[PDB]
Every structure is written in structure tokens, then in C-alpha cells.
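Heads up, work10.txt below (compact mmCIF, C-alpha atoms and all ligand atoms):
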# COMPACT_ATOMS: atom_id res chain seq x y z
CA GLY A 1 45.75 186.87 31.17
CA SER A 2 44.76 183.51 29.56
CA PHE A 3 45.07 180.14 31.38
CA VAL A 4 43.58 177.72 28.82
CA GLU A 5 44.87 174.61 30.68
CA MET A 6 42.70 175.57 33.73
CA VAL A 7 39.62 177.00 32.03
CA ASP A 8 36.57 174.64 32.35
CA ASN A 9 38.30 172.36 34.91
CA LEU A 10 35.31 172.25 37.35
CA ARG A 11 32.14 170.10 37.37
CA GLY A 12 29.16 170.01 39.73
CA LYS A 13 26.34 172.32 40.73
CA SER A 14 25.43 174.64 43.61
CA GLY A 15 23.60 172.02 45.78
CA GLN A 16 26.28 169.28 45.71
CA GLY A 17 29.27 171.67 45.29
CA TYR A 18 31.84 172.15 42.50
CA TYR A 19 34.85 169.88 42.25
CA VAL A 20 38.23 169.65 40.45
CA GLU A 21 40.23 166.55 39.52
CA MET A 22 43.37 166.01 41.62
CA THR A 23 45.93 163.21 41.99
CA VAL A 24 47.49 161.99 45.23
CA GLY A 25 50.43 159.61 45.72
CA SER A 26 52.92 157.67 43.58
CA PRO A 27 51.79 156.29 41.15
CA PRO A 28 49.08 159.04 40.98
CA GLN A 29 45.62 158.18 42.37
CA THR A 30 42.92 160.26 40.67
CA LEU A 31 40.14 161.72 42.89
CA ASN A 32 37.41 164.37 42.40
CA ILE A 33 37.81 167.06 45.06
CA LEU A 34 35.27 169.68 46.22
CA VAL A 35 36.61 173.28 45.93
CA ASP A 36 35.92 174.81 49.39
CA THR A 37 36.81 178.39 50.27
CA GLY A 38 34.98 177.81 53.66
CA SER A 39 37.54 175.38 55.20
CA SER A 40 41.33 174.95 55.27
CA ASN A 41 42.05 171.19 55.25
CA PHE A 42 42.73 168.87 52.31
CA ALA A 43 40.75 165.77 53.37
CA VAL A 44 40.03 162.72 51.24
CA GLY A 45 38.09 159.46 51.65
CA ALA A 46 40.72 156.84 52.56
CA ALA A 47 38.51 153.84 53.44
CA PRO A 48 35.48 152.17 51.76
CA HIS A 49 32.17 154.05 52.05
CA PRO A 50 28.80 153.19 50.38
CA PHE A 51 28.79 156.63 48.61
CA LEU A 52 32.43 156.45 47.34
CA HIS A 53 33.39 154.49 44.20
CA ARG A 54 37.09 155.27 44.87
CA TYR A 55 39.32 156.39 47.73
CA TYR A 56 42.92 157.17 48.66
CA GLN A 57 44.91 153.95 49.23
CA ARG A 58 47.93 155.02 51.30
CA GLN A 59 49.50 151.50 51.17
CA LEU A 60 49.74 151.86 47.32
CA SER A 61 51.64 155.17 47.44
CA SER A 62 55.46 154.96 47.69
CA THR A 63 55.57 158.69 48.64
CA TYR A 64 53.01 158.44 51.49
CA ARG A 65 54.36 159.74 54.84
CA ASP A 66 52.48 158.96 58.07
CA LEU A 67 52.32 161.94 60.50
CA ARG A 68 51.11 159.55 63.33
CA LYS A 69 48.37 161.97 64.35
CA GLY A 70 44.59 161.77 64.25
CA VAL A 71 42.13 164.54 63.37
CA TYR A 72 38.47 164.66 64.64
CA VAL A 73 36.13 167.16 62.96
CA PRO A 74 32.52 167.48 64.34
CA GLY A 75 28.24 166.48 59.23
CA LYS A 76 31.41 165.03 60.74
CA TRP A 77 34.55 163.08 59.89
CA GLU A 78 37.62 161.52 61.52
CA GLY A 79 40.94 160.81 59.88
CA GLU A 80 44.65 160.19 59.98
CA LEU A 81 47.16 162.88 59.07
CA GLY A 82 49.93 162.31 56.56
CA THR A 83 51.68 163.91 53.59
CA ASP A 84 52.01 162.88 49.92
CA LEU A 85 52.71 164.27 46.45
CA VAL A 86 49.67 166.09 45.02
CA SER A 87 48.91 167.48 41.54
CA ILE A 88 46.00 169.12 39.71
CA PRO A 89 45.91 167.61 36.13
CA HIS A 90 44.04 170.65 34.71
CA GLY A 91 46.07 173.05 36.79
CA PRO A 92 49.55 174.48 37.25
CA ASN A 93 52.12 172.03 35.92
CA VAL A 94 53.63 171.39 39.38
CA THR A 95 53.58 168.61 42.03
CA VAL A 96 53.50 169.62 45.73
CA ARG A 97 54.23 167.73 48.94
CA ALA A 98 51.03 168.51 50.95
CA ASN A 99 49.21 167.54 54.12
CA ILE A 100 46.37 165.07 53.59
CA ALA A 101 43.76 164.04 56.17
CA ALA A 102 42.92 160.44 55.25
CA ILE A 103 39.22 160.06 56.19
CA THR A 104 38.67 156.70 57.95
CA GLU A 105 35.20 157.36 59.52
CA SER A 106 32.45 159.86 58.68
CA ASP A 107 28.81 160.81 59.37
CA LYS A 108 26.62 162.56 56.74
CA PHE A 109 29.83 163.93 55.08
CA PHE A 110 29.91 162.01 51.76
CA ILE A 111 26.73 162.77 49.73
CA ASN A 112 25.17 160.01 47.58
CA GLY A 113 25.83 160.92 43.90
CA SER A 114 27.95 164.16 44.33
CA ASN A 115 30.87 162.56 42.33
CA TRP A 116 33.51 163.98 44.83
CA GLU A 117 35.70 161.92 47.17
CA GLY A 118 37.35 164.68 49.19
CA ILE A 119 37.53 168.40 49.94
CA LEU A 120 40.15 171.03 49.12
CA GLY A 121 39.97 173.64 51.90
CA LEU A 122 41.30 176.88 50.36
CA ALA A 123 40.94 179.25 53.35
CA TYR A 124 43.72 180.19 55.85
CA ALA A 125 45.68 178.19 58.46
CA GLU A 126 43.86 179.84 61.40
CA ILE A 127 40.84 177.53 60.86
CA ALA A 128 42.84 174.38 59.88
CA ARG A 129 42.25 171.23 61.99
CA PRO A 130 43.54 170.12 64.48
CA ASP A 131 45.20 173.58 64.67
CA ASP A 132 46.97 176.27 62.58
CA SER A 133 50.24 174.26 62.50
CA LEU A 134 48.75 171.97 59.78
CA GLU A 135 49.78 173.88 56.65
CA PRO A 136 46.86 174.21 54.12
CA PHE A 137 47.35 172.96 50.52
CA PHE A 138 47.47 176.43 48.92
CA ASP A 139 50.15 177.63 51.41
CA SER A 140 52.24 174.52 50.47
CA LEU A 141 51.69 175.14 46.75
CA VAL A 142 52.89 178.78 47.00
CA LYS A 143 55.88 177.96 49.29
CA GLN A 144 57.15 175.09 47.12
CA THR A 145 56.62 176.54 43.58
CA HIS A 146 56.63 179.91 41.74
CA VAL A 147 52.79 179.86 41.53
CA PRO A 148 51.51 183.40 42.43
CA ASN A 149 49.61 183.67 45.77
CA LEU A 150 46.17 184.04 44.12
CA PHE A 151 43.39 181.88 42.71
CA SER A 152 40.11 182.72 41.01
CA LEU A 153 36.78 180.87 40.73
CA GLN A 154 34.07 180.95 38.08
CA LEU A 155 31.23 178.70 39.32
CA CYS A 156 28.71 178.07 36.55
CA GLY A 157 25.08 177.30 37.42
CA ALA A 158 23.29 175.71 34.41
CA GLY A 159 20.01 177.58 35.00
CA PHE A 160 18.08 174.29 34.71
CA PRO A 161 18.38 170.80 36.30
CA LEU A 162 21.14 168.51 35.02
CA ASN A 163 20.51 164.74 35.26
CA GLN A 164 23.23 162.23 36.40
CA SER A 165 24.75 161.88 32.89
CA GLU A 166 24.54 165.61 32.04
CA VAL A 167 26.20 166.73 35.31
CA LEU A 168 29.17 164.36 34.53
CA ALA A 169 29.42 165.65 30.92
CA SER A 170 28.84 169.36 31.66
CA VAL A 171 31.41 172.06 32.42
CA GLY A 172 30.65 173.50 35.87
CA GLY A 173 33.21 176.31 35.79
CA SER A 174 36.89 177.15 36.29
CA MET A 175 39.43 177.32 39.04
CA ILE A 176 42.40 179.39 37.85
CA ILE A 177 45.36 178.69 40.10
CA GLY A 178 47.88 181.56 40.18
CA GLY A 179 46.04 184.01 38.00
CA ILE A 180 43.06 185.76 36.44
CA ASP A 181 41.62 184.63 33.10
CA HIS A 182 40.03 187.59 31.29
CA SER A 183 37.71 185.32 29.21
CA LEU A 184 35.72 184.37 32.37
CA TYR A 185 34.22 187.80 33.03
CA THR A 186 32.83 190.98 31.46
CA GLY A 187 33.35 194.57 32.56
CA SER A 188 35.62 195.59 35.43
CA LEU A 189 36.89 193.75 38.50
CA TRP A 190 36.08 195.55 41.78
CA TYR A 191 37.96 194.62 44.96
CA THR A 192 36.88 194.41 48.59
CA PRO A 193 39.51 193.99 51.40
CA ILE A 194 39.90 190.61 53.11
CA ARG A 195 39.10 191.88 56.66
CA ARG A 196 41.03 189.08 58.37
CA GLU A 197 42.81 185.95 57.09
CA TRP A 198 40.88 182.97 58.56
CA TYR A 199 37.76 182.50 56.48
CA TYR A 200 37.65 184.79 53.42
CA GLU A 201 36.00 187.52 55.55
CA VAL A 202 34.50 190.66 53.97
CA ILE A 203 32.40 193.65 55.03
CA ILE A 204 28.90 194.37 53.57
CA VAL A 205 28.01 198.08 53.99
CA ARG A 206 24.51 198.30 52.40
CA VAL A 207 21.81 195.92 51.12
CA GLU A 208 19.10 196.71 48.55
CA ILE A 209 16.13 194.75 47.21
CA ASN A 210 15.14 196.19 43.78
CA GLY A 211 17.02 199.40 44.71
CA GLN A 212 15.12 199.73 48.02
CA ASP A 213 17.49 200.09 50.97
CA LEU A 214 16.94 197.36 53.61
CA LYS A 215 17.92 200.27 55.97
CA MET A 216 19.41 198.15 58.79
CA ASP A 217 22.46 199.22 60.90
CA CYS A 218 25.24 197.77 58.64
CA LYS A 219 26.76 195.88 61.61
CA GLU A 220 23.69 193.61 61.34
CA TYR A 221 24.79 192.48 57.84
CA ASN A 222 28.14 191.24 59.24
CA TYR A 223 26.93 189.76 62.53
CA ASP A 224 29.08 187.88 63.53
CA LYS A 225 31.03 187.80 60.21
CA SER A 226 30.47 187.83 56.44
CA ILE A 227 32.38 185.23 54.39
CA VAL A 228 32.76 184.03 50.74
CA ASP A 229 32.20 180.25 50.73
CA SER A 230 32.14 178.06 47.58
CA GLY A 231 31.26 175.09 49.86
CA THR A 232 27.87 176.63 50.89
CA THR A 233 24.98 176.40 48.40
CA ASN A 234 22.84 179.34 49.57
CA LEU A 235 23.17 183.02 50.24
CA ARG A 236 22.84 182.75 54.06
CA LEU A 237 21.95 185.86 56.07
CA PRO A 238 21.93 186.57 59.84
CA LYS A 239 18.48 185.88 61.38
CA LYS A 240 17.37 189.57 61.61
CA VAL A 241 18.69 190.37 58.08
CA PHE A 242 17.02 187.24 56.68
CA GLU A 243 13.68 188.29 58.26
CA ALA A 244 13.93 191.84 56.79
CA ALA A 245 15.15 190.60 53.35
CA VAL A 246 12.43 187.89 52.99
CA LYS A 247 9.73 190.45 53.95
CA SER A 248 11.06 192.78 51.18
CA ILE A 249 11.41 189.96 48.59
CA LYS A 250 7.80 188.82 49.40
CA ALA A 251 6.56 192.44 49.02
CA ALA A 252 8.35 192.85 45.63
CA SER A 253 6.99 189.50 44.30
CA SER A 254 3.50 189.99 45.89
CA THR A 255 1.61 189.53 42.59
CA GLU A 256 2.11 185.75 43.24
CA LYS A 257 1.68 184.11 46.66
CA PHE A 258 4.08 181.31 47.64
CA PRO A 259 3.68 178.89 50.58
CA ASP A 260 5.69 179.32 53.79
CA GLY A 261 7.64 176.13 52.92
CA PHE A 262 8.98 177.85 49.75
CA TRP A 263 10.37 180.84 51.74
CA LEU A 264 11.91 178.40 54.26
CA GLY A 265 13.90 176.80 51.40
CA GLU A 266 12.18 173.42 52.02
CA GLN A 267 9.52 173.29 49.27
CA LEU A 268 9.96 173.63 45.53
CA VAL A 269 7.79 175.99 43.40
CA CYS A 270 6.95 175.00 39.78
CA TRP A 271 5.75 176.83 36.67
CA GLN A 272 4.65 175.53 33.24
CA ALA A 273 7.75 174.99 30.99
CA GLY A 274 9.36 178.33 30.08
CA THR A 275 6.90 180.49 32.08
CA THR A 276 9.01 181.22 35.21
CA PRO A 277 8.00 184.82 36.07
CA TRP A 278 11.55 186.10 36.64
CA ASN A 279 10.35 189.72 36.28
CA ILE A 280 8.14 189.58 39.43
CA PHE A 281 11.19 188.71 41.61
CA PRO A 282 13.56 191.50 42.64
CA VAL A 283 17.28 191.91 42.06
CA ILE A 284 19.42 191.93 45.26
CA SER A 285 22.44 194.24 45.67
CA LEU A 286 25.13 193.79 48.27
CA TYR A 287 27.45 196.80 48.70
CA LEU A 288 30.98 195.88 49.76
CA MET A 289 33.74 198.04 51.29
CA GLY A 290 36.07 199.31 48.56
CA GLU A 291 39.86 199.53 48.53
CA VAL A 292 39.78 203.38 48.57
CA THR A 293 38.80 205.24 51.81
CA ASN A 294 35.04 206.10 51.91
CA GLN A 295 34.39 204.15 48.69
CA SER A 296 32.15 201.08 48.19
CA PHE A 297 30.92 199.12 45.15
CA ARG A 298 27.90 196.85 44.65
CA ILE A 299 27.30 193.35 43.29
CA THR A 300 23.77 192.68 42.02
CA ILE A 301 22.23 189.23 41.57
CA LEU A 302 19.04 188.15 39.87
CA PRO A 303 16.37 185.59 40.84
CA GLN A 304 18.19 183.33 38.25
CA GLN A 305 20.93 183.15 40.92
CA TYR A 306 18.84 182.91 44.12
CA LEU A 307 16.15 180.51 42.72
CA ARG A 308 17.99 177.14 42.47
CA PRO A 309 16.73 174.84 39.66
CA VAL A 310 15.52 171.43 40.88
CA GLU A 311 13.76 168.57 39.08
CA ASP A 312 10.06 168.11 40.11
CA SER A 313 6.87 166.64 34.67
CA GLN A 314 7.98 169.22 32.08
CA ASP A 315 7.57 172.07 34.59
CA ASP A 316 10.46 174.41 35.51
CA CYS A 317 10.93 174.08 39.31
CA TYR A 318 13.11 175.87 41.88
CA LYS A 319 13.96 176.14 45.55
CA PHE A 320 14.48 179.51 47.28
CA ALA A 321 18.28 179.56 47.91
CA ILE A 322 18.39 182.35 50.54
CA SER A 323 18.30 181.08 54.13
CA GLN A 324 18.87 182.05 57.75
CA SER A 325 22.19 181.78 59.57
CA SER A 326 23.24 182.08 63.26
CA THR A 327 26.96 182.30 62.18
CA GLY A 328 26.92 185.42 59.97
CA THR A 329 26.44 186.07 56.26
CA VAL A 330 27.64 183.32 53.90
CA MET A 331 28.07 184.31 50.22
CA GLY A 332 27.64 180.77 48.86
CA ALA A 333 27.29 179.32 45.36
CA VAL A 334 24.08 181.54 44.92
CA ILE A 335 26.26 184.64 44.93
CA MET A 336 29.32 183.06 43.35
CA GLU A 337 27.44 181.80 40.28
CA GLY A 338 26.77 185.41 39.31
CA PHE A 339 30.43 186.43 39.39
CA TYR A 340 34.02 185.66 38.61
CA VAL A 341 35.62 185.82 42.08
CA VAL A 342 39.33 186.58 42.54
CA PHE A 343 40.86 185.40 45.85
CA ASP A 344 43.84 187.76 45.79
CA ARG A 345 45.69 186.44 48.86
CA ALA A 346 48.90 188.33 47.90
CA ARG A 347 47.05 191.69 48.11
CA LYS A 348 44.57 190.65 50.93
CA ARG A 349 41.53 191.40 48.74
CA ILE A 350 38.66 189.67 46.88
CA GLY A 351 37.69 190.77 43.38
CA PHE A 352 34.23 190.49 41.79
CA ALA A 353 33.27 190.86 38.13
CA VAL A 354 30.14 189.83 36.20
CA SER A 355 30.56 186.16 35.23
CA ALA A 356 30.65 185.23 31.53
CA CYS A 357 28.55 182.15 32.58
CA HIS A 358 25.89 183.78 34.84
CA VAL A 359 22.26 182.90 34.05
CA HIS A 360 20.09 185.87 33.06
CA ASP A 361 17.23 186.91 30.77
CA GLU A 362 16.89 189.47 27.94
CA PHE A 363 15.82 192.24 30.35
CA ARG A 364 18.24 192.07 33.30
CA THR A 365 21.80 191.00 33.97
CA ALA A 366 23.94 190.58 37.11
CA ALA A 367 26.17 193.62 37.73
CA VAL A 368 29.30 194.85 39.54
CA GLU A 369 29.26 198.66 39.73
CA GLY A 370 30.92 201.54 41.47
CA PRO A 371 32.17 203.61 43.05
CA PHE A 372 29.75 204.92 45.72
CA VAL A 373 30.61 207.32 48.52
CA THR A 374 30.06 205.40 51.82
CA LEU A 375 31.09 206.70 55.26
CA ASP A 376 32.17 204.90 58.49
CA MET A 377 32.47 201.48 56.78
CA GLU A 378 34.79 200.17 59.55
CA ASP A 379 31.71 200.49 61.90
CA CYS A 380 29.98 197.83 59.75
CA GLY A 381 32.46 195.23 60.99
CA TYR A 382 31.44 193.19 64.03
CA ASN A 383 33.76 192.69 67.07
CA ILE A 384 33.50 190.09 69.96
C1 LIG B 401 37.96 169.75 54.66
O1 LIG B 401 38.05 169.80 56.08
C2 LIG B 401 37.08 170.47 56.74
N1 LIG B 401 35.90 170.66 56.17
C3 LIG B 401 35.05 171.51 56.79
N2 LIG B 401 33.87 171.75 56.17
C4 LIG B 401 32.69 172.33 56.82
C5 LIG B 401 31.56 172.03 55.83
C6 LIG B 401 30.52 173.14 55.79
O2 LIG B 401 29.58 173.14 56.57
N3 LIG B 401 30.69 174.14 54.86
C7 LIG B 401 29.64 175.16 54.77
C8 LIG B 401 31.83 174.24 54.08
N4 LIG B 401 32.04 175.32 53.42
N5 LIG B 401 32.64 173.17 53.97
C9 LIG B 401 32.30 171.83 54.50
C10 LIG B 401 31.50 171.05 53.52
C11 LIG B 401 31.00 169.72 53.64
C12 LIG B 401 30.27 169.30 52.52
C13 LIG B 401 30.18 170.29 51.53
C14 LIG B 401 29.43 170.25 50.33
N6 LIG B 401 28.81 170.27 49.37
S1 LIG B 401 31.04 171.72 52.00
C15 LIG B 401 33.54 171.04 54.93
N7 LIG B 401 35.29 172.16 57.95
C16 LIG B 401 36.48 171.93 58.53
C17 LIG B 401 36.75 172.63 59.83
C18 LIG B 401 37.43 171.06 57.95
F1 LIG B 401 38.61 170.76 58.52
Translate the structure of the given file into C-alpha cells.
Ligand SMILES: COc1nc(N2C[C@H]3C(=O)N(C)C(=N)N[C@@]3(c3ccc(C#N)s3)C2)nc(C)c1F
Amino acid sequence: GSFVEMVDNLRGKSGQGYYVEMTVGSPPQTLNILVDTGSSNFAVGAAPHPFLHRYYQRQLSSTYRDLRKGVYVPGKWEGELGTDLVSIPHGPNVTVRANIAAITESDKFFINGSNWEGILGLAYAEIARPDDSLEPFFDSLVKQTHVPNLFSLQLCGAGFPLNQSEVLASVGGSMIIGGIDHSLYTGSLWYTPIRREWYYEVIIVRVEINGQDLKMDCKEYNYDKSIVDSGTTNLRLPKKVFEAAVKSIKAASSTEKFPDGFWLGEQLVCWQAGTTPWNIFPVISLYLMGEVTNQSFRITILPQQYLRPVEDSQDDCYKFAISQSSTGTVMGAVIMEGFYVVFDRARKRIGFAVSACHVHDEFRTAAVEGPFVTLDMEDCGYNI
């Protein structure tokens, strides 16, 4: 329905991630926490670090409980396991006793200027560290309260660079805990099954670039998995898929030549203020397995999603936010910024709808459309 207390509770951007305010301990200690559907631990800075202006002080919490167990995660971090009372101020009006990994040592984990001091891993126990016995936050929340087993994310890319002050004052999106807010999307929600409960794994059955079929065996698109990950910036594709997609994107945009560094996601490209030639770049459609047998639907993104705005001048500059992976497809903030994404854990499915905050132009919009008749979709899934 309508969850006004949780609408607009995120801040951040695709490159540095999107975070929500949380409190830990008694009296409550406020921290900014990255929303991560790609991991399953709740881990917070718990010791001074040059890039942290605050951290969890266990000695100041009367409700802190020491689990007397370490956790080593190779970026990399090490911590100490414990439990405490946790709340989300712009969230459900509940307080949960949850596991917390108190980060004592780290390497390239905390980013200078991100404004977040910890991570909220929202995926399943299978990938929790040190093992699946460490109950993830969302599992605790559902078990201890009447909050429905579902959350939804609207990640909002600004479409232009935000400076330090603007990124702190800007609304970066919404995390709706326990429901679906109809103001965050347009049109219909289309659902794809969660293939397996570890990462939020899905199956891609067809890929198009400006309506042209990439025409690869669909198992290639999910080699070795395809996941939805708010913690990843880019749309990441398996090596062979990335090579075929970049060749097609280059061919579609061939009226302008870009250096190799641009296509590698390393180098920015700039245009005179307001002259970005969006129309030369193609739309990209990913077809996902539907809930009905032999049915699929598609999600279509624009270059306003896969060209990430970066500051250089008064030029409008971007980095190509599609990159290669050796660990399967990752539908990162590139994809998620185009859509309102419903993580329906209760019904083992992920919903997509056009986001009310996606960046577009007067000629094209992102889309979620269906149904399409698609055969042997189970063959698109990779095994071993
Ligand atoms: C919170 O505890 C854990 N965190 C992570 N990750 C892996 C990273 C990563 O490479 N990606 C892609 C991701 N989705 N999440 C991590 C991030 C680190 C900085 C981000 C930003 N910005 S996101 C955090 N993995 C495990 C196994 C954990 F136990």
C-alpha cells in the first residue's frame, strides 16, 4: 500500500552504495548502513578508522552480548561476533535482537567519503559468515516481530553528479521493510522466481540490444549464476556475454568513437553541458523467467542507467557502468536504478516495475513488459 514512514529513507549513489540510518545498542548508537542484497552479515565499524567519523562502541551498550567468536572475511575485514538491540528509525516501529559483527580490522573496506559505517547484508543464511548458523538480520526481524517476510528497494540515481553537500542533503531512494509502496513505481509489477535462496539468484532467458537478440545459448547469461545485488555498482556480465554485448553496444553507437579505456569502465567520456547524445546509445533488455510455465517478461534500461554520471568544467561526464565478471551476471545499482525491486522472500520471487525515480529523456523510458512465450527456460540455469 503506502509506507510513508519508510519512503525516502535512503541516501547515497550507485558508485559508493545506498545506505539507511540504523541504531545499535542501549542507549541507541546511530550509524549509516549500506543496504546490501549481495551479502548476509550485519557488520559495523567497531574501532577507529581514518575513513569513519563514528563507530559502534560495545562498552557503551548495556544490551551488548559477546558471542566470544571471531569472523574473518577475505576488500577484507575481521571482526568479533556479538548481539545487540537494533532499530531502523525510518523503518518498521520495532526493535530486534540481532547478530552484529563488530569490525576491528579492515583492508580497503571503508571508502573515504561514502558516509556509511557498516553493511546490512540482506541475502540468505547460506552465504553468512563464518557459516549459515549466524542468523542474518532480516531472518531475526521476521522471527521476532509481525513484519511480513518481504522488503522492496527503490534506488534513485540523480542522473548528474552530486557534490559532498548535495549527496548528504539528497534523497537516494527507499527501502520499504515488510511491504510494497505503490507510489514508488508505475505500471505493473512482474515477478521472476528466486532460483535458490543464497544470493538473490535469478534466471535470464534472453538479452537484446536495441531489440537485436544477442543470440547466445541462454546458459551463457547465467554462467555461473545471475544475482540481484544492491551492493554492486555496475551491470556485470560473464566474460563471453560482456564481449558480445560490448560489440553490439559499440555497433549501435558507432556514429561516435570512444576510446578503449571508456569501454573498460576506466575512463570517463565528456560532452558539452546538456549535449549528451543519449539517442545514439541503445536500450538493453534482459528477459527473465516468469512465474507461469513457458512465460517470460523483460526489463529494459536506457543509457541513462548504464552511463554513470561522474564529475570531470561544465561538461556532462560519465563512466560506462557495464563490466566483465568471472562470477556470473550481477544486476547492480545500474539495473536497480531503473526499477522498483520487490524481494518477496515469502513467495520466493523478485518483482520488477518501472521506477518512479528512474532517469530518462522525452523520447524513451525504462520498461517492464510481458508476457512472452519462452520455452525450456530451466535449461538457461547453470549447474556445477
Ligand atoms: C557484510 O558482510 C559481508 N560483506 C560482504 N560483501 C562483499 C562485498 C562485495 O564485493 N559486494 C559486491 C557486495 N555486494 N557487498 C560487499 C561490499 C563492500 C563494499 C560495498 C560498497 N559500496 S558492497 C560486502 N561479503 C560477505 C561474505 C560478508 F560477510
For stretch 269-278 of chain A, find every residue with an atom within 9 Å (counting only C-alpha atoms), except residues of its own chain fewer than 2 positions away, and show them as a PyMOL selection string. chain A and resi 258-259+262+267+280-282+302-304+312+314-320+361
Option closest in space to residue A:74, from A:129, A:21, A:336, A:99 [counting all atoms listed in the file]: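 Going through A:129, A:21, A:336, A:99 one by one, the smallest distance to residue A:74 is for A:129.
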Write as a PyMOL selection string the residues around ligand LIG 401 (chain B), taking 9 Å as the cut-off and counting all atoms listed in the file. chain A and resi 14-18+34-44+71-77+101+108-111+114+118-122+127-130+229-233+330+332
All residues 10 Å or closer to residue A:244, all atoms listed in the file, same chain fewer than 3 positions away omitted, as a PyMOL selection string: chain A and resi 214-216+239-241+247-249
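Shortest atom-to-atom contact with residue A:166 among A:90, A:360, A:13, A:345: A:13, counting all atoms listed in the file.
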Quick one: residues within 10 Å of stretch 198-203 of chain A, all atoms listed in the file counted, chain neighbours fewer than 5 positions away excluded, as a ChimeraX atom specification? /A:37-40,122-128,132,192-193,218-219,221-222,225-229,286-290,329-331,343,345,348-350,377-382
Got time to write the residues from that selection, C-alpha atoms, as a CSV table (one decimal), in the coordinates of the input?
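File written: result_38.csv
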chain,number,residue,atom,x,y,z
A,37,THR,CA,36.8,178.4,50.3
A,38,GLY,CA,35.0,177.8,53.7
A,39,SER,CA,37.5,175.4,55.2
A,40,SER,CA,41.3,175.0,55.3
A,122,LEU,CA,41.3,176.9,50.4
A,123,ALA,CA,40.9,179.2,53.4
A,124,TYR,CA,43.7,180.2,55.8
A,125,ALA,CA,45.7,178.2,58.5
A,126,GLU,CA,43.9,179.8,61.4
A,127,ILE,CA,40.8,177.5,60.9
A,128,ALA,CA,42.8,174.4,59.9
A,132,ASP,CA,47.0,176.3,62.6
A,192,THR,CA,36.9,194.4,48.6
A,193,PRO,CA,39.5,194.0,51.4
A,218,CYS,CA,25.2,197.8,58.6
A,219,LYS,CA,26.8,195.9,61.6
A,221,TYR,CA,24.8,192.5,57.8
A,222,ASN,CA,28.1,191.2,59.2
A,225,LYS,CA,31.0,187.8,60.2
A,226,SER,CA,30.5,187.8,56.4
A,227,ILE,CA,32.4,185.2,54.4
A,228,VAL,CA,32.8,184.0,50.7
A,229,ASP,CA,32.2,180.2,50.7
A,286,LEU,CA,25.1,193.8,48.3
A,287,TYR,CA,27.4,196.8,48.7
A,288,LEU,CA,31.0,195.9,49.8
A,289,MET,CA,33.7,198.0,51.3
A,290,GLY,CA,36.1,199.3,48.6
A,329,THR,CA,26.4,186.1,56.3
A,330,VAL,CA,27.6,183.3,53.9
A,331,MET,CA,28.1,184.3,50.2
A,343,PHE,CA,40.9,185.4,45.8
A,345,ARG,CA,45.7,186.4,48.9
A,348,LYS,CA,44.6,190.6,50.9
A,349,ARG,CA,41.5,191.4,48.7
A,350,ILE,CA,38.7,189.7,46.9
A,377,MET,CA,32.5,201.5,56.8
A,378,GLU,CA,34.8,200.2,59.6
A,379,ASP,CA,31.7,200.5,61.9
A,380,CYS,CA,30.0,197.8,59.8
A,381,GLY,CA,32.5,195.2,61.0
A,382,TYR,CA,31.4,193.2,64.0
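Interatomic distance, atom CA of residue A:339 against atom CA of residue A:353: 5.4 Å.
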Please provide the set of residues having any atom within 7 Å of residue A:337, restricted to all atoms listed in the file, with same-chain residues fewer than 3 positions apart removed, written as a ChimeraX atom specification. /A:155-157,305,333-334,358
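For the residues A:283, A:102, A:321, A:357, ranking by smallest atom-to-atom distance to residue A:47 using all atoms listed in the file places A:102 first.
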Using only C-alpha atoms: which of A:220, A:311, A:256, A:362 has the shortest distance to residue A:268: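 Using only C-alpha atoms, the shortest distance to residue A:268 belongs to A:311.
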So how far away is atom CA of residue A:139 from atom CA of residue A:46, in Å?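 One can read the atom CA of residue A:46 to atom CA of residue A:139 distance as 22.9 Å.
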For each of A:106, A:224, A:300, A:235, take the minimum atom-to-atom distance to residue A:384, counting only C-alpha atoms, then give the residue where this is smallest. A:224
What does the distance between atom CA of residue A:324 and atom CA of residue A:264 come to in Å, to one decimal place?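 Distance reported for this atom pair: 8.6 Å.
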Please return the centre and edge lengths, in Å to one decimal, of a box with edges along x, y and z that contains all listed atoms of stretch 347-364 of chain A, widened by 6 Å on every side, as lines of an AutoDock Vina configuration file.
center_x = 31.4
center_y = 187.2
center_z = 39.4
size_x = 43.2
size_y = 22.1
size_z = 35.0
Please write as a PyMOL selection string the list of polymer residues whose atoms come within 7 Å of (14.8, 196.1, 44.1), counting only C-alpha atoms and keeping to the coordinates of the file. chain A and resi 208-212+282-284
With C-alpha atoms retained, export the selected residues as an mmCIF file, in the frame of the given file.
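See result_10.cif below for the written result:
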data_model
loop_
_atom_site.group_PDB
_atom_site.id
_atom_site.type_symbol
_atom_site.label_atom_id
_atom_site.label_comp_id
_atom_site.auth_asym_id
_atom_site.auth_seq_id
_atom_site.Cartn_x
_atom_site.Cartn_y
_atom_site.Cartn_z
ATOM 1 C CA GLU A 208 19.100 196.710 48.550
ATOM 2 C CA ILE A 209 16.130 194.750 47.210
ATOM 3 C CA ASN A 210 15.140 196.190 43.780
ATOM 4 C CA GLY A 211 17.020 199.400 44.710
ATOM 5 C CA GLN A 212 15.120 199.730 48.020
ATOM 6 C CA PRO A 282 13.560 191.500 42.640
ATOM 7 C CA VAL A 283 17.280 191.910 42.060
ATOM 8 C CA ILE A 284 19.420 191.930 45.260
#
